[PDB]
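**Q** Protein chains in written order, with the authors' numbering: chain g, 412 to 447, 450 to 458, 463 to 496, 499 to 513; chain i, 251 to 297, 317 to 334. Ideal Cβ positions, reconstructed from N, Cα and C, are used throughout, including at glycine. A single structure is presented below for examination.
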Amino acid sequence: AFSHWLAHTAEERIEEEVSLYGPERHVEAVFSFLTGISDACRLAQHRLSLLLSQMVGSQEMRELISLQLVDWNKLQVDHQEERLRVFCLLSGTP
Amino acid sequence: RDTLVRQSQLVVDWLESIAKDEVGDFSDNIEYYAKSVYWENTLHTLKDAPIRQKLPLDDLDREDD
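Right, dumping it as structure tokens:
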């Protein structure tokens with residue numbers, strides 16, 4: 412009840428806002444659609466896509482993928500910023 | 251339930267059993283691909318991010334990939 416409730420609360424604000432966001436540019440939005450999943454994946458449309470479906474899953478996937486990225490995370494980012504944030508979400512401790 | 255499909259799996263398990271793997275640590279495939287971090291050359295040198322846009326990746330990072 413709360414989940415969907417939270418969504419409705421952060422609506423209109425994510426509503427027309429995220430609307431422009433999409434009809435605009437660029438990244439981040441991918442994260443914002445995740446705050447809003451299947452439509453976001455369809456708009457984005463491969464490896465990230467399969468990990469995204471684990472969201473809404475409270476499964477012990479968190480830690481693994483987390484630490485995995487993380488190191489290699491900064492390794493790539495240190496020297499994409501729209502991929503580490505998705506991993507922070509699936510870690511479950513954002 | 252499907253013995254016919256499960257027989258196909260036993261053939262797959264057999265084909266996988268007799269597969270050739272390249273070496274890790276005795277061929278250039280992984281011993282020489284022991285880069286400390288992913289895309290170190292493209293991070294150190296300017297020249317979904319490459320599917321998003323054209324040219325970025327350094328030739329060395331593509332070779333390593």
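1) Residue 280 of chain i and residue 274 of chain i: beta carbons closer than 7 Å?
2) Would DSSP call residue 259 of chain i helix, strand or coil?
3) Tell me whether residue 496 of chain g sits in a helix, a strand or coil according to DSSP, three-state version.
4) Kindly list the residues whose CB is nearer than 6 Å to the CB of residue 429 of chain g, restricted to its own chain and excluding five residues on each side of it in sequence; keep chain order.
5) Does the distance from the CB of residue 289 of chain i to the CB of residue 493 of chain g come in under 7 Å?
6) Quick one: residues in its chain with C-beta nearer than 6 Å to the C-beta of residue 490 of chain g, no 5 flanking neighbours on either side, listed in chain order?
7) Taking DSSP as the reference, what is the three-state secondary structure of residue 420 of chain g?
8) Name the two residues that bound the continuous alpha helix (DSSP H) containing residue 457 of chain g.
9) At least one CB of chain g closer than 7 Å to the CB of residue 288 of chain i: is that the case?
10) Return the residues of the segment 478–489 of chain g that lie within a Cβ-Cβ distance of less than 7 Å from chain i, sorted by chain order.
11) Taking buried to mean at least 16 other C-beta atoms within 10 Å of its own C-beta, is residue 330 of chain i buried or exposed?
12) Give a yes or no on whether the C-beta atoms belonging to residue 292 of chain i and residue 327 of chain i are separated by under 7 Å.
13) Beta carbon of residue 511 of chain g, beta carbon of residue 479 of chain g: below 7 Å?
**A** Result, derived from the coordinates:
1) Walking along the second sequence from the start, residue 280 of chain i turns up at place 30. Walking along the second sequence from the start, residue 274 of chain i turns up at place 24. Yes, the pair counts as a contact, with Cβ atoms nearer than the cut-off.
2) Sequence index remark: in the second sequence, residue 259 of chain i carries index 9 (1-based). The three-state reading of DSSP puts residue 259 of chain i in helix, counting H, G and I together.
3) Working through the first sequence from its first residue, we reach residue 496 of chain g at position 79. Under the three-state reduction of DSSP output, residue 496 of chain g falls in the coil class, being neither helix nor strand.
4) In the first sequence, the residue the question calls residue 429 of chain g occupies position 18. Within the same chain, residue 429 of chain g has close Cβ partners 443.
5) Looking up residue 289 of chain i in the second sequence gives position 39. Looking up residue 493 of chain g in the first sequence gives position 76. Yes, these two residues count as a Cβ contact at 7 Å.
6) Counting from one through the first sequence, the residue named residue 490 of chain g turns up at place 73. Closer than 6 Å at the Cβ level, and outside the excluded window around residue 490 of chain g, lie 503.
7) By 1-based counting over the first sequence, the position of residue 420 of chain g is 9. Looking at residue 420 of chain g - three-state DSSP - the assignment turns out to be helix.
8) Position 44 of the first sequence, counted from the start, is the residue given in the question as residue 457 of chain g. First-last of the alpha helix (DSSP H) with residue 457 of chain g: 451–457.
9) Taking the second sequence and counting its residues from 1, one reaches residue 288 of chain i at position 38. Yes, residue 288 of chain i counts as interfacial toward chain g.
10) 489
11) Position 61 of the second sequence, counted from the start, is the residue given in the question as residue 330 of chain i. So residue 330 of chain i counts as buried.
12) Here residue 292 of chain i corresponds to residue number 42 of the second sequence, with the count starting at 1. Here residue 327 of chain i corresponds to residue number 58 of the second sequence, with the count starting at 1. Cβ distance < 7 Å, so residue 292 of chain i and residue 327 of chain i count as in contact.
13) Here residue 511 of chain g is taken as the residue at index 92 of the first sequence, counted from 1. Here residue 479 of chain g is taken as the residue at index 62 of the first sequence, counted from 1. A contact, by the Cβ cut-off of 7 Å.
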